[PDB]
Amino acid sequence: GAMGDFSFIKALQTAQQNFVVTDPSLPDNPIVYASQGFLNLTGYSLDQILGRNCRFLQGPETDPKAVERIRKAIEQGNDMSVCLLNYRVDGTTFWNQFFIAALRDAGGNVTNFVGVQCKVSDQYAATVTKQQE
């Protein structure tokens, strides 16, 4: 039973609270801050996270074509998105649809990236990957 019973108000607030911030000033664009939401999704504690590129969430069966695409996406310094196979701290798997935006200072330089992460269904993942031509 799912059809009537969707709580879009909690869903939306949850949406706002799963994120990381990265610092492309630093080498390999590490995560430097992370939300509690992100902790709960991934299962990793802060100490295992900050200082790294969140490509650590990737693993064996992650699509490299997709990874390639999103790195290409981020390269000019702009706002793109992607769905990727991601591994929890316990090795379990989940689809991660996430959206990356650049933060800019008074010089119009990208100081930081912010990324909101959304766990999504196999069905969703099929869809978004099928639409690749």
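In case it trips you up, residue 1 is the first one in the sequence shown, and so on.
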| property | result |
| --- | --- |
| Greater mean Cα temperature factor according to the PDB record, 55-63 or 72-80 | 72-80 |
| Chain third (lowest, middle, highest) by recorded CA B-factor, residue given as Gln48 | middle |
| Chain-relative CA temperature factor third for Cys118 | lowest |
| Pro27 - Cα temperature factor, lowest/middle/highest third of chain | middle |
| Where the record places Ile9 (Cα B-factor, split into thirds across the chain) | highest |
| Chain-wide C-alpha B factor ranking for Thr92, given as lowest, middle or highest third | highest |
